[PDB]
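# Observations on chain architecture
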Amino acid sequence: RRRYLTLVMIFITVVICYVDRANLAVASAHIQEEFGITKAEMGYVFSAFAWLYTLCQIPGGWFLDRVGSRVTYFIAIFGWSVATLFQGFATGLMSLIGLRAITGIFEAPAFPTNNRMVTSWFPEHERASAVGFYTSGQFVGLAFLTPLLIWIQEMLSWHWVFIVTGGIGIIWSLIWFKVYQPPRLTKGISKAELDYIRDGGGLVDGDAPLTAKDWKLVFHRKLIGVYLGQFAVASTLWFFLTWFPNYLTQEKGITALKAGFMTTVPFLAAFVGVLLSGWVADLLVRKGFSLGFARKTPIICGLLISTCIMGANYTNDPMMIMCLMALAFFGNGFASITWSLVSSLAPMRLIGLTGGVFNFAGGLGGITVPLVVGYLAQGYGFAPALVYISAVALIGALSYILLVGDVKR
Ligand SMILES: CCCCCCCCCO[C@@H]1O[C@H](CO)[C@@H](O)[C@H](O)[C@H]1O
Ligand SMILES: CCCCCCCCCO[C@@H]1O[C@H](CO)[C@@H](O)[C@H](O)[C@H]1O
Ligand SMILES: O=C(O)[C@H](O)[C@@H](O)[C@H](O)[C@H](O)CO
């Protein structure tokens, strides 16, 4: 029982990763207040992380390949942890963009190293449950830590939100460097436990032209719907990781302290949507259903749900705002599961490429919505932004139910 402890350390790093994404949403109001930047300029601050994140992913694969999984993880954690620690001492605007950008650099190869690690640390049948553990759990981490930082932000200056988050990361990097090592090079493991992995699957030792014809295939009536769909899934997720705290603070005039305890229900609602979707996956086909309709239904329904974010601007009651926000985020988590489906639509050759472009579509949804909300909220308040997301969600839903009636193989 040493195989899981690794998964526990990966889960912690996924949380620390997403805290350093949402840690800014906490201090958005104060940073904006102190530095006196405009809503639209703040939109560029939120986005700074997303730009390089998507760009520094195909270079992240290179660095990873030629540097390894262990060491590459330490450089990343330490890299962005230092970059996050100094987000607390930033002054002006340009200082923040660079730190957010740098954070996006070292945090971009986060997942690829995970997939390369769970591969060698767990068999095949335990892999789907392994990734679902730390991706589903990430929202639990944001649910309990987001009210904490806000409470720290309301007790201590917003800087300490970044000093804490950054300092912790600097410490976890050092922990990772010692404890972690491939299953083969992991003392305390069990002789039979390792054989289970090796015989079961995974590389316990470790992991060891372009024609424009593909472009025409990669861009398919079925695959565009997948891209526009993921673009919409990422649009909503990055709103909750950025503008959602300040939304309640400014638009609805909720006290940051109450808005800090109102944000732990939506992040938990996401944790359920993810799991409840993975359960409807097995469940449907189990009752004699095709696989395409089995995975399409959670995605389409969840995005049609997301349309409920629009309803929040028609009420000023916390519980009703907190209920509607929790239902939309549930739809996002319930419709989040795509790539494994997208892997079964691209040709056997382009499974690797589709990922990069497929995520780019997602990462593209995270670059747009912060600028859109920042620009919209600057001039017309936060009301015209929630209709955009409900729209996008409706386009992503229409884009999935019309453009993907069946699967290509
Ligand atoms: C004013 C901000 C300057 C940006 C600094 C962030 C990058 C740190 C540069 O050091 C190292 O350089 C190598 C290649 O140059 C990288 O492979 C490695 O990941 C990185 O750790
Ligand atoms: C650029 C920043 C990246 C943020 C990612 C937000 C969009 C999520 C991508 O969809 C993912 O599809 C997987 C298929 O298995 C699911 O398991 C997983 O739950 C889901 O998250
Ligand atoms: O699956 C996820 O959790 C992300 O959305 C991915 O799209 C990453 O951006 C990257 O592709 C890692 O594989």
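First things first, this report covers the structure right here in the doc. (Residues numbered from 1 in each chain as written, not as in the entry; some residues may be left out. Chains lettered and ligands numbered in written order. Heavy atoms only, no water.)

### Here we look at the overall build of the protein chain
Threshold: Helix and strand assignments follow DSSP, with helices taken as H or I runs no shorter than four residues and strands as E runs no shorter than two, numbered in order from the N terminus. Atoms counted for the radius of gyration: C-alpha only. Globule rule: 2.2 Å times residue count to the power 0.38. Relative accessible area decides the class of each residue, using a 1.4 Å probe on protein chains only: under 20% of the type maximum gives buried, over 50% gives exposed, and in between gives partly exposed.
A tally of helices and strands in the protein chain yields 19 helices and zero strands. The globule rule puts the C-alpha radius of gyration for 409 residues at 22 Å, and the 21 Å found for the protein chain is close to it. Along the first, second and third principal axes, the C-alpha atoms of the protein chain reach 60 × 50 × 40 Å. Taken over 409 residues, the protein chain has a buried fraction of 53%.

### Here's the deal with the side chain of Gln-87
The line we're drawing: Definition of a polar contact: a pair of N or O atoms within 3.5 Å, with one able to donate and the other able to accept a hydrogen when the atoms are protein atoms, and with sequence-neighbouring residues admitted only if both atoms are side-chain atoms.
In this fold, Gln-87 is placed in the loop between α4 (70-85) and α5 (94-107). Residue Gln-87 is classed as buried on the basis of its relative accessible area, which comes to 0%. Within the structure, the side chain of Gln-87 is placed 2.9 Å from the side chain of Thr-103, a separation counted as a polar contact.

### Remarks on the site of ligand 3
The condition is simple: Residues are labelled near a given molecule or strand when at least one of their non-hydrogen atoms is within 4 Å of it. In this description, accessible areas are obtained by the Shrake-Rupley approach with a 1.4 Å probe, and a residue is regarded as covered only by the protein chains that are shown. Any residue outside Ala, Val, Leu, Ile, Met, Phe, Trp, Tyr, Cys, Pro, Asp, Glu, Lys and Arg is labelled polar, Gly included; the first ten of those are nonpolar and the last four are charged.
Around ligand 3, a shell composed of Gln-57, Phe-111, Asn-115 and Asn-359 is seen. For ligand 3, an oxygen atom lies 2.5 Å from a polar atom in the side chain of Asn-359. Protein coverage of the free-state accessible area of ligand 3, which is 340 Å², stands at 61%. Tallied by class, the residues present in the shell around ligand 3 amount to one nonpolar, three polar and no charged.

### Here's the deal with the site of ligand 1
Close to ligand 1 lie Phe-63, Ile-102 and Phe-106, which account for all nearby residues. Burial of ligand 1 by the protein chains amounts to 27% of its free accessible area of 540 Å².

### Notes on the environment of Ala-40
Under the convention used in this document: Here, two residues are considered to be in contact whenever any of their heavy atoms come within 4.5 Å of each other.
Among the secondary structure elements, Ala-40 is positioned in helix α2 (residues 39-55). In contact with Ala-40, other than residues within four places in its own chain, are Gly-374, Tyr-375 and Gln-378.

### Focus on the nonpolar core
Operational definition: The nonpolar core is taken to be a set of buried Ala, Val, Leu, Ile, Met, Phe, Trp, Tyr and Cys residues, with the residues joined through side-chain atoms within 4.5 Å.
Ranked by internal contacts, the top residues of the largest apolar core, which has 82 residues, are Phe-239 and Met-325. If one sorts the elements of this core by residue count, helix α1 (residues 3-35) sits on top with 14 residues. Of all hydrophobic cores here, the second largest spans 17 residues; its members include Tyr-227, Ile-299, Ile-300 and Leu-350.

### Some points on the pattern of salt bridges
Just so we agree on the cut-off: When a carboxyl oxygen of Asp or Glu lies within 4 Å of a side-chain nitrogen of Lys or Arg, that pair is called a salt bridge.
One pass over the full model with this rule turns up six salt bridges. Note that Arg-116 and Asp-65 form a salt bridge whose closest N and O atoms lie 2.4 Å from each other. Here the residue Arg-116 occupies a position in helix α6 (residues 110-121), and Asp-65 occupies one in helix α3 (residues 58-67), the gap between them amounting to 51 residues. For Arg-116, a relative accessible area of 22% corresponds to the partly exposed category. Across the pair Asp-205 and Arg-198 runs a salt bridge, and its minimum N-O distance is 3.1 Å. You can call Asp-205 partly exposed: its relative accessible area is 48%. Among the charged side chains, a network of salt bridges with common partners joins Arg-3, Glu-126 and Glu-193.

### Quick look at helix α15 (residues 291-306)
This is how the line gets drawn: Expected span of a helix: the number of residues minus one, times 1.5 Å.
Across its 16 residues, α15 extends 23 Å between first and last C-alpha, which sits within 8% of the 22 Å expected from 1.5 Å per residue. Looking at α15, one finds that the buried residues are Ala-294, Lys-296, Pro-298, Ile-299, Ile-300, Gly-302, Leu-303 and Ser-306. Structurally, α15 contributes buried residues whose contacts are with α11 (221-240), α14 (264-286), α16 (318-334) and α19 (383-401).

### A look at α4
Its 16 residues place the ends of α4 22 Å apart at the C-alpha level, agreeing with the 22 Å of an ideal helix rising 1.5 Å per residue. Along α4, the positions that sit buried rather than exposed are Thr-72, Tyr-73, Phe-74, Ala-76, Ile-77, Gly-79, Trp-80, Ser-81, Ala-83, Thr-84 and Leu-85. Summarising the contacts, the buried residues of α4 are in contact with α1, α3, α5, α6 and α8 (158-179).

Remember, this is a structural readout, not a statement about activity or role.
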